[PDB]
Structure formats: C-alpha cells, structure tokens
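Undergrad: Submitted below is the structure of interest, expressed as structure tokens.
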Amino acid sequence: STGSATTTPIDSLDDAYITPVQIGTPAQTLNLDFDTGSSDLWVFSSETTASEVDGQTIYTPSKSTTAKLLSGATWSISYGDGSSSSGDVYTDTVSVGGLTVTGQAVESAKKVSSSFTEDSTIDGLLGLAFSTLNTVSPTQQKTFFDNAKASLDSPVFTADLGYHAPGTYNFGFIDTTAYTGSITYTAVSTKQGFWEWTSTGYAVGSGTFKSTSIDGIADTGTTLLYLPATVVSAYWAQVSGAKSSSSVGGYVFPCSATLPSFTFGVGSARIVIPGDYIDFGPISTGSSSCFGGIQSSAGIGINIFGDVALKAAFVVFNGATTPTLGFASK
C-alpha cells in the first residue's frame, strides 16, 4: 500500500505545516502537525478541558463506531518549546492520504498548554520519530508509520515541505518526479529515538564550504534551523546589523536586509537554503527588526534540522531494518 497527503503551512511564515488525517468511523478529519521529532499521535477531543479549546476541530470518540478505550492507558508529553499535553488513549482507524491503519493509538487530550490552545489551526500532532519515544503508559504504543510499515510497498515516508506553499508527505514510495538529481543517503542513529544524522559541513552564501561534522535531528515539527553557536555566528556575521538579542530570544536582523543562503552537507552532496527561507519577519507587528531562521542550539543539547532546512530538500525517512535518511535538491 501507499498514501499521499498534501501538507499546508499554517501561516504566512511557514511556522508549521498541517496535514489532514481521517480518524474513526465515520471519518472525523483533523489537521495534524506531522512531527518527525516525536512519537505520539494526539488530538484535541471531546475530553479536552473546554477552556483550553479555542477553534480547533475535536475528535469525539463516542461518535466513532470503531473507537475503543485503551483501558488504563494515559499519556503526557512535553516538547522542546516548553509546551505540553496529556490525556487518555483510544484505538481507532486512522487514514492518511489513502493509507489506513486499524487499531492505531489515538491519544485524546484532557489537557493542553496555552501554546496549543492559542493556535487554532493545529488539531493535534502525528509523531513520526521512533516508537521508543512514545509516552503512553503502562503499555507504550506504536507510531502510525510503525503500524503501517509492513503493509507499505517500501518501508519509507518522504517529506517535501514547501516554502510559502503546500507540499507533500508520501508513505510507502519515493516520487522520482519530486526532486532533481540524485538522493544522497546518510547514516542514522536511533539511540535517542530521533532521526539523528551527521551533516558533513556548511557554507554561508557564496563562501567556501567548511568540512565539519554536525550531529543533529531531522525534525519536521520544529520551525527553525538550530546549529552550534560557532556556525550561527558565522552566518549572521554576513548580515549587516544582525545581532543576538537576549530580550527577543535569538538572532535578529534589519528587515531591510537581503539574507545570504546557507548550505549544509549531506555526505558529498550539498543542500542550499535560499536566504529568503531564513526570514521570519518582524519580531512584533510593525517592527523593523526581523527574526532569524537560523538560531543557536546552545542549551538545547542537540542540533535541529527543522523546517527551514528540510523545506529546501526532498527528504526520505527510510525505515528499513537499519534506518537511513536521504536528501535531494528539488
């Protein structure tokens, strides 16, 4: 089998992407944030504290003839941005772009933190990291991809995120019309539960390529590109007036700037992030100070190849017995 679904930016900055997901019978369609950096499929629901729901579409398990309470199971997750959610668990039928999994754990939120409430466009998350990170207790549950894998034509999914435009998540096949040149594959460590890999270096604008190993995670659920402070300083030093602002919480730059591109290495191959992808707009409405899309990972504890990086590529998440990651230009 295969599936193919369009993923759409939630706003004009590409802060996140939502993908429609069918849950239950009859289908209840929710727009979920596909997150290769976590491993829980959780949704706003009829069980969510009413004051914490503000415009989201909710899953109502009592209206699904295929929903079953997973007795005794609870979940609770905290994300890198300090947000969190928790609740109980149902199993139900879940379909993405025509690909159907029966008995998928659907984690129903009883509580969500303010950042989730405040974002009306995201109805929950669909985790696509390794199932070892799944938070369901006392019986850990599998991701949608893990459950679908054996049925797929090939044990892969691909992320093709757009810049200020829709893109595509495919399951079970590689669309050879969706990228240019060849796909370069690179080794993955699953030891931390992430799609963790090592970039071979970087360049800033038209500058020379610096060969250096940068361990990090491919994370569709993180907006920005988080890299070591040395790398980030080298980038922003090429933008007149750019500075790190402790008050704002990262590098800012004059909105009048033209940003240089940023290149990262995948083996001997190179992915170029155009300068415009690195502009996240005014820090506050009407400001002439703009927020940068490349930020320091210092104090995160890990480098994160988030959407800024991934949307410059066609990315293969190869879930074969030994997982790997592939990157192509597009």
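To be explicit about the labels: the chains of the structure tokens are called A, B, and onward in the order shown, and within each one the residues are counted from 1, while ligands get numbers from 1 in the order they are shown.
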Enumerate as number ranges by chain all residues of stretch 5-180 of chain A assigned to helix (DSSP H, G or I) by DSSP on the backbone, naming them with the chain letters and numbers the document uses.
TA: A: 50-52, 61-63, 114-117, 131-133, 144-151
Undergrad: Create the file for the chosen residues now, containing N, CA and C atoms and written as an mmCIF file, in the first residue's frame.
TA:
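Contents of the output file part_6.cif:
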data_model
loop_
_atom_site.group_PDB
_atom_site.id
_atom_site.type_symbol
_atom_site.label_atom_id
_atom_site.label_comp_id
_atom_site.auth_asym_id
_atom_site.auth_seq_id
_atom_site.Cartn_x
_atom_site.Cartn_y
_atom_site.Cartn_z
ATOM 1 N N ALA A 50 -12.636 22.403 28.431
ATOM 2 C CA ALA A 50 -13.318 23.280 27.483
ATOM 3 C C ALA A 50 -12.607 24.622 27.311
ATOM 4 N N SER A 51 -12.101 25.179 28.407
ATOM 5 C CA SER A 51 -11.430 26.479 28.356
ATOM 6 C C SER A 51 -10.110 26.443 27.583
ATOM 7 N N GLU A 52 -9.639 25.240 27.260
ATOM 8 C CA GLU A 52 -8.356 25.057 26.574
ATOM 9 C C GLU A 52 -8.544 24.752 25.088
ATOM 10 N N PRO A 61 -14.600 10.465 20.362
ATOM 11 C CA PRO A 61 -14.592 9.004 20.182
ATOM 12 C C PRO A 61 -15.964 8.343 20.302
ATOM 13 N N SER A 62 -16.874 8.939 21.066
ATOM 14 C CA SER A 62 -18.194 8.346 21.255
ATOM 15 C C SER A 62 -18.992 8.336 19.953
ATOM 16 N N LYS A 63 -18.577 9.144 18.982
ATOM 17 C CA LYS A 63 -19.247 9.173 17.681
ATOM 18 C C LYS A 63 -18.589 8.243 16.659
ATOM 19 N N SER A 114 -0.954 26.363 26.921
ATOM 20 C CA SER A 114 -1.513 27.552 26.302
ATOM 21 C C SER A 114 -1.132 27.705 24.830
ATOM 22 N N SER A 115 0.086 27.315 24.476
ATOM 23 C CA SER A 115 0.553 27.497 23.107
ATOM 24 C C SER A 115 -0.315 26.704 22.141
ATOM 25 N N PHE A 116 -0.800 25.540 22.576
ATOM 26 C CA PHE A 116 -1.673 24.729 21.732
ATOM 27 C C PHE A 116 -3.048 25.373 21.630
ATOM 28 N N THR A 117 -3.581 25.811 22.760
ATOM 29 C CA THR A 117 -4.885 26.450 22.772
ATOM 30 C C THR A 117 -4.907 27.642 21.835
ATOM 31 N N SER A 131 9.256 4.679 17.780
ATOM 32 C CA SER A 131 8.219 4.389 18.765
ATOM 33 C C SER A 131 8.761 4.287 20.192
ATOM 34 N N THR A 132 10.065 4.109 20.330
ATOM 35 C CA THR A 132 10.684 4.118 21.650
ATOM 36 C C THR A 132 10.479 5.434 22.429
ATOM 37 N N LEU A 133 10.120 6.525 21.741
ATOM 38 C CA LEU A 133 9.811 7.785 22.421
ATOM 39 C C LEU A 133 8.343 7.933 22.796
ATOM 40 N N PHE A 144 2.035 5.762 13.809
ATOM 41 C CA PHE A 144 1.315 5.479 12.582
ATOM 42 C C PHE A 144 2.224 4.805 11.558
ATOM 43 N N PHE A 145 3.437 5.321 11.399
ATOM 44 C CA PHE A 145 4.372 4.754 10.429
ATOM 45 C C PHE A 145 4.794 3.350 10.828
ATOM 46 N N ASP A 146 5.076 3.146 12.107
ATOM 47 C CA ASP A 146 5.480 1.837 12.590
ATOM 48 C C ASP A 146 4.360 0.824 12.324
ATOM 49 N N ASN A 147 3.113 1.215 12.580
ATOM 50 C CA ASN A 147 1.985 0.318 12.356
ATOM 51 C C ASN A 147 1.772 0.033 10.875
ATOM 52 N N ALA A 148 2.025 1.019 10.019
ATOM 53 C CA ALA A 148 1.761 0.871 8.586
ATOM 54 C C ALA A 148 2.866 0.143 7.837
ATOM 55 N N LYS A 149 4.059 0.135 8.420
ATOM 56 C CA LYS A 149 5.293 -0.201 7.711
ATOM 57 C C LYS A 149 5.249 -1.511 6.931
ATOM 58 N N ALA A 150 4.780 -2.567 7.580
ATOM 59 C CA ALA A 150 4.823 -3.886 6.979
ATOM 60 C C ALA A 150 3.927 -3.957 5.750
ATOM 61 N N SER A 151 2.902 -3.112 5.703
ATOM 62 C CA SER A 151 1.946 -3.113 4.596
ATOM 63 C C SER A 151 2.381 -2.241 3.429
#
Undergrad: Would you list the contacts of residue A:258 as a PyMOL selection string, taking every protein, DNA or RNA residue within 8 Å and counting only C-alpha atoms, but skipping same-chain residues closer than 5 positions in sequence?
TA: chain A and resi 239+275-276
Undergrad: Write down as number ranges by chain the residues belonging to stretch 69-309 of chain A that are assigned strand (DSSP E) by DSSP computed on the backbone.
TA: A: 69-78, 84-96, 99-112, 124-127, 156-160, 167-171, 184-187, 196-204, 210-218, 225-227, 243-245, 250-254, 262-266, 269-273, 279-282, 289-292, 294-296, 303-305
Undergrad: Save out the residues we just selected, C-alpha atoms, as an mmCIF file, in the first residue's frame.
TA:
data_model
loop_
_atom_site.group_PDB
_atom_site.id
_atom_site.type_symbol
_atom_site.label_atom_id
_atom_site.label_comp_id
_atom_site.auth_asym_id
_atom_site.auth_seq_id
_atom_site.Cartn_x
_atom_site.Cartn_y
_atom_site.Cartn_z
ATOM 1 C CA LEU A 69 -10.893 2.901 25.039
ATOM 2 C CA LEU A 70 -7.421 1.535 25.691
ATOM 3 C CA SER A 71 -8.159 0.703 29.291
ATOM 4 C CA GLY A 72 -5.802 2.158 31.871
ATOM 5 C CA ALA A 73 -3.580 3.920 29.335
ATOM 6 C CA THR A 74 -2.502 7.527 29.844
ATOM 7 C CA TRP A 75 -0.020 9.805 28.132
ATOM 8 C CA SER A 76 1.821 13.015 28.919
ATOM 9 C CA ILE A 77 4.347 14.828 26.766
ATOM 10 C CA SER A 78 6.497 17.936 26.957
ATOM 11 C CA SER A 84 2.802 20.082 26.781
ATOM 12 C CA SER A 85 -0.351 17.969 26.668
ATOM 13 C CA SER A 86 -1.756 14.865 28.344
ATOM 14 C CA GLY A 87 -4.767 12.575 28.450
ATOM 15 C CA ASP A 88 -6.069 9.063 27.873
ATOM 16 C CA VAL A 89 -5.998 6.746 24.856
ATOM 17 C CA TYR A 90 -8.328 5.141 22.332
ATOM 18 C CA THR A 91 -7.576 2.801 19.470
ATOM 19 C CA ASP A 92 -9.295 3.654 16.206
ATOM 20 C CA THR A 93 -8.906 3.580 12.442
ATOM 21 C CA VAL A 94 -6.585 6.293 11.109
ATOM 22 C CA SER A 95 -6.028 7.115 7.454
ATOM 23 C CA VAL A 96 -3.514 9.473 5.870
ATOM 24 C CA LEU A 99 -3.279 4.755 3.685
ATOM 25 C CA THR A 100 -5.255 3.130 6.513
ATOM 26 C CA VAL A 101 -4.097 1.728 9.853
ATOM 27 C CA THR A 102 -6.573 -0.094 12.061
ATOM 28 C CA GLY A 103 -6.034 -0.167 15.829
ATOM 29 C CA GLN A 104 -3.880 2.971 15.886
ATOM 30 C CA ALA A 105 -3.397 4.529 19.311
ATOM 31 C CA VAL A 106 -5.139 7.906 19.236
ATOM 32 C CA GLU A 107 -4.156 9.872 22.309
ATOM 33 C CA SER A 108 -7.035 12.051 23.436
ATOM 34 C CA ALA A 109 -6.038 15.273 25.180
ATOM 35 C CA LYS A 110 -7.632 16.072 28.516
ATOM 36 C CA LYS A 111 -5.220 18.994 28.983
ATOM 37 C CA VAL A 112 -3.121 21.095 26.611
ATOM 38 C CA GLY A 124 -3.019 17.732 17.269
ATOM 39 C CA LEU A 125 0.260 16.037 16.365
ATOM 40 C CA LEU A 126 1.160 12.907 14.458
ATOM 41 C CA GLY A 127 4.545 11.672 15.615
ATOM 42 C CA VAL A 156 9.680 4.655 3.851
ATOM 43 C CA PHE A 157 7.998 8.003 4.105
ATOM 44 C CA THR A 158 9.053 11.267 2.488
ATOM 45 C CA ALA A 159 8.714 14.918 3.477
ATOM 46 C CA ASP A 160 8.517 17.511 0.720
ATOM 47 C CA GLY A 167 3.927 20.288 -0.060
ATOM 48 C CA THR A 168 3.532 16.563 0.353
ATOM 49 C CA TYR A 169 4.007 13.657 2.753
ATOM 50 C CA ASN A 170 4.179 10.295 0.953
ATOM 51 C CA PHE A 171 4.122 6.880 2.599
ATOM 52 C CA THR A 184 22.107 11.079 -1.085
ATOM 53 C CA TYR A 185 21.616 8.702 1.822
ATOM 54 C CA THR A 186 23.304 9.090 5.172
ATOM 55 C CA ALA A 187 23.511 7.025 8.364
ATOM 56 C CA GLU A 196 19.625 11.609 14.101
ATOM 57 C CA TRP A 197 22.332 12.039 11.480
ATOM 58 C CA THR A 198 25.635 13.861 10.891
ATOM 59 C CA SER A 199 25.934 16.681 8.387
ATOM 60 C CA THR A 200 29.344 16.991 6.748
ATOM 61 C CA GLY A 201 29.590 20.786 6.996
ATOM 62 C CA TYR A 202 28.288 24.133 5.854
ATOM 63 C CA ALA A 203 28.793 27.258 3.790
ATOM 64 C CA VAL A 204 27.462 30.792 4.149
ATOM 65 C CA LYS A 210 33.660 24.214 5.876
ATOM 66 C CA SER A 211 34.078 20.487 6.380
ATOM 67 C CA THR A 212 32.959 19.696 9.897
ATOM 68 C CA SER A 213 30.696 17.062 11.454
ATOM 69 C CA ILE A 214 27.397 18.389 12.797
ATOM 70 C CA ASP A 215 25.236 15.807 14.583
ATOM 71 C CA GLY A 216 21.556 16.734 14.563
ATOM 72 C CA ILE A 217 17.987 15.571 14.077
ATOM 73 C CA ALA A 218 15.675 15.845 11.102
ATOM 74 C CA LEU A 225 17.333 25.524 11.993
ATOM 75 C CA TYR A 226 19.269 25.224 15.281
ATOM 76 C CA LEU A 227 23.030 24.795 14.948
ATOM 77 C CA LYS A 243 22.835 40.632 16.446
ATOM 78 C CA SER A 244 21.846 38.167 19.111
ATOM 79 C CA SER A 245 19.192 39.662 21.338
ATOM 80 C CA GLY A 250 17.798 34.900 19.423
ATOM 81 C CA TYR A 251 19.362 36.499 16.398
ATOM 82 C CA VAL A 252 17.520 39.396 14.850
ATOM 83 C CA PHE A 253 18.388 41.387 11.772
ATOM 84 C CA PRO A 254 17.239 44.534 9.989
ATOM 85 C CA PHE A 262 23.063 28.705 3.872
ATOM 86 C CA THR A 263 24.376 25.389 2.588
ATOM 87 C CA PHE A 264 24.587 22.152 4.568
ATOM 88 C CA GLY A 265 26.390 18.957 3.620
ATOM 89 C CA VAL A 266 24.882 15.517 3.234
ATOM 90 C CA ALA A 269 26.197 16.414 -1.553
ATOM 91 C CA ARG A 270 25.034 19.933 -0.703
ATOM 92 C CA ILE A 271 21.588 21.334 0.131
ATOM 93 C CA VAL A 272 21.187 25.099 -0.362
ATOM 94 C CA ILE A 273 18.730 27.015 1.807
ATOM 95 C CA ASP A 279 13.475 35.433 7.166
ATOM 96 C CA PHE A 280 10.820 35.025 9.878
ATOM 97 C CA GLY A 281 9.567 38.565 9.721
ATOM 98 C CA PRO A 282 9.100 41.361 12.261
ATOM 99 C CA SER A 289 13.701 44.180 13.460
ATOM 100 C CA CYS A 290 13.197 40.740 11.900
ATOM 101 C CA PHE A 291 13.660 37.308 13.473
ATOM 102 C CA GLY A 292 16.248 34.946 12.037
ATOM 103 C CA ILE A 294 18.969 30.094 11.880
ATOM 104 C CA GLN A 295 19.497 30.120 15.637
ATOM 105 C CA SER A 296 21.898 28.680 18.175
ATOM 106 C CA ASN A 303 21.206 20.451 16.841
ATOM 107 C CA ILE A 304 17.883 20.511 14.992
ATOM 108 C CA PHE A 305 17.409 20.440 11.222
#
Undergrad: Go through A:130, A:58, A:328, A:312 one by one, measure the shortest atom-to-atom distance of each to residue A:181 using only C-alpha atoms, and give the residue with the smallest value.
TA: A:328
Undergrad: Which polymer residues have any atom within 10 Å of an atom of residue A:64, counting only C-alpha atoms, with same-chain residues fewer than 3 positions away left out, as a ChimeraX atom specification?
TA: /A:23-28,59-61,67-68,92-93
Undergrad: How about saving the chosen residues, C-alpha atoms kept, as a PDB file, in the first residue's frame?
TA:
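In the end it all went to again_33.pdb:
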ATOM      1  CA  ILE A  23      -9.891   9.298  12.356  1.00  0.00           C
ATOM      2  CA  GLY A  24     -12.724   6.949  13.202  1.00  0.00           C
ATOM      3  CA  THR A  25     -15.894   5.706  11.538  1.00  0.00           C
ATOM      4  CA  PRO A  26     -17.453   7.693  10.017  1.00  0.00           C
ATOM      5  CA  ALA A  27     -14.276   9.670   9.387  1.00  0.00           C
ATOM      6  CA  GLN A  28     -13.523  12.702  11.513  1.00  0.00           C
ATOM      7  CA  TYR A  59     -12.096  14.136  17.833  1.00  0.00           C
ATOM      8  CA  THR A  60     -15.190  12.706  19.549  1.00  0.00           C
ATOM      9  CA  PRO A  61     -14.592   9.004  20.182  1.00  0.00           C
ATOM     10  CA  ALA A  67     -13.171   3.654  18.696  1.00  0.00           C
ATOM     11  CA  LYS A  68     -12.239   1.610  21.747  1.00  0.00           C
ATOM     12  CA  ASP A  92      -9.295   3.654  16.206  1.00  0.00           C
ATOM     13  CA  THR A  93      -8.906   3.580  12.442  1.00  0.00           C
TER      14      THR A  93
END
Undergrad: Of the candidates A:66, A:12, A:2, A:120, which shows the shortest atom-to-atom distance to residue A:53, using only C-alpha atoms?
TA: A:120
Undergrad: One decimal, Å: what's the distance from atom CA of residue A:135 over to atom CA of residue A:56, could you say?
TA: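 Between these atoms lies a distance of 22.8 Å.
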Undergrad: What does the structure give for the distance between atom CA of residue A:31 and atom CA of residue A:122, in Å to one decimal?
TA: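 Distance reported for this atom pair: 6.0 Å.
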Undergrad: Which distance in Å separates atom CA of residue A:37 and atom CA of residue A:134, to one decimal?
TA: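 Interatomic distance here is 10.9 Å.
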Undergrad: Given the choices A:256, A:163, A:293, A:228, which gets closest to residue A:313 if the distance is worked out from only C-alpha atoms?
TA: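 With only C-alpha atoms as the atom set, the closest residue is A:163.
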Undergrad: From the set A:268, A:220, A:189, A:22, which residue has the shortest atom-to-atom contact distance to residue A:323, counting only C-alpha atoms?
TA: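 Counting only C-alpha atoms, the residue closest to residue A:323 is A:189.
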Undergrad: Can you tell me which residues surround residue A:97 at a distance of at most 8 Å, considering only C-alpha atoms, apart from same-chain residues fewer than 4 positions away, and format the answer as a compact mmCIF listing (two decimals) with N, CA and C atoms, in the first residue's frame?
TA:
# COMPACT_ATOMS: atom_id res chain seq x y z
N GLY A 3 0.33 5.88 0.72
CA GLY A 3 -0.50 7.04 0.99
C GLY A 3 0.20 8.30 0.52
N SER A 4 -0.58 9.34 0.22
CA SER A 4 -0.04 10.61 -0.23
C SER A 4 -0.98 11.70 0.22
N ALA A 5 -0.47 12.65 1.00
CA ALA A 5 -1.28 13.74 1.52
C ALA A 5 -0.55 15.06 1.36
N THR A 6 -1.32 16.09 1.07
CA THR A 6 -0.78 17.43 0.98
C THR A 6 -0.64 18.03 2.37
N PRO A 20 -4.21 16.86 6.64
CA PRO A 20 -5.48 16.26 7.06
C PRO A 20 -5.35 14.77 7.32
N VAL A 21 -5.98 14.32 8.40
CA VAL A 21 -5.94 12.93 8.85
C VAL A 21 -7.36 12.50 9.19
